[PDB]
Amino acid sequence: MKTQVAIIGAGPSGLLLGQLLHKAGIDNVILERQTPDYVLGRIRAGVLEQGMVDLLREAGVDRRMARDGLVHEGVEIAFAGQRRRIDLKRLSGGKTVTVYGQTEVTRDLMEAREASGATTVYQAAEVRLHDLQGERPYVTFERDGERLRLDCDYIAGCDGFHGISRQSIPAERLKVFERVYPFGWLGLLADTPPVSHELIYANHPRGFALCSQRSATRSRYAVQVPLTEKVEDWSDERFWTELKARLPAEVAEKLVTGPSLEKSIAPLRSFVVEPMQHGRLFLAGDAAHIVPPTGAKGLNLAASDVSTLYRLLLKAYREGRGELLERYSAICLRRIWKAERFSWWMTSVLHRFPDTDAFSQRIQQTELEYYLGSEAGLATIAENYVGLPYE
């Protein structure tokens, strides 16, 4: 089989790129190792920048989002007794963010694709990339027991952190930057009303706590836990008690608890690979970089990467300007580093780190006091939070 752009991975990166390209006339084929259910089993993100909200409307897949996604104009940071709200809409110059589950976005895009009739091969085993530097690179995979071959012009590595794309680029060509945090987040999804109309990021001596929502009858919560904790050790009861212990008393007593729908511990990490391409292979989303979830930048960076890749391929196919595709990494890395710096900051001022002396405790505390107190400080949180502009 032949195609123009072969897409590895059917996560939101791949589905979004595949959807945008299809709509532009560029035929693409998606290869996914798992089944649609497995992909839809992932809870992950819930906060979307205005830029992605527009990319979806552009991909033509926004009906449901316009209806169910929630527009927010502020967040709340809670520390040392106090709860401080950040008015995003006025501090950013009118921008806001939309809360809409990642699982929903995937579900929508997945519906959109199936109806379009565009090719999607789920259960594609042992995918291998070949001739990345030639004019005709190709992909081999197994469907059942038959090794098939797919010829294409370009390959988009949207297969996430442990995908095959990044491992296909010769090591000596990529320079890796990485930071592993000594903690993870134990997340939880539950069919209960959220405790707040806006999100609450809480710094507490016992660790970080997050109060989020997916809808008016569905909440998403998380608490920082050591990397040594196994999820089967945290009963629902244990979670809510721990959650209540880390929140402001006035919030903890408004909390409507309930049985969990999903629970899992995600480890924290920062990871950037430079550059993000090799010959005719271009990396996007988690295949190239990882940011700790504290800043909600993961899904959002995948969308911006994809937005840039889509727009550079339109020009190459449509305007014959394949030279522009060399600019890909440079354009993406500028955003990527800014977002990695903001995600890192958010993480360091809201989380409790082990083995921290008195001076750093006081500085973390003061970082919060200064930033939530200054008008200039709040603005840096706001403009970064709603997401910096696309270049």
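Residue positions are given as counts along the sequence shown, with the first one as 1.
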Original post:
Do the C-alpha atoms of 178-186 or of 221-229 have the higher average B factor in the entry?
Top reply: 221-229
Subject >> Which of 315-323 and 277-285 has higher mean CA B factor, as the PDB entry lists it >> reply: 315-323
**OP:** Kindly indicate the residue among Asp108, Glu250, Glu114, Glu73 with the greatest C-alpha B-factor in the PDB record.
**Re:** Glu250
Original post:
Out of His162, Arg128, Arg83, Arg206, which residue has the highest Cα temperature factor in the PDB record?
Top reply: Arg83
Original post:
Going by what the PDB entry lists, where does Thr103 fall on CA B-factor within its chain: lowest, middle or highest third?
Top reply: middle
Original post:
Among the modelled residues of its chain, does the C-alpha B-factor of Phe353 lie in the lowest, middle or highest third?
Top reply: middle
Original post:
Based on the entry's values, in what third of the chain does the Cα temperature factor of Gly60 lie: lowest, middle or highest?
Top reply: highest
Original post:
Based on the entry's values, in what third of the chain does the Cα temperature factor of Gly377 lie: lowest, middle or highest?
Top reply: middle
**OP:** Check where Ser212 lands among this chain's C-alpha B-factors and tell me if it's the lowest, middle or highest third.
**Re:** middle
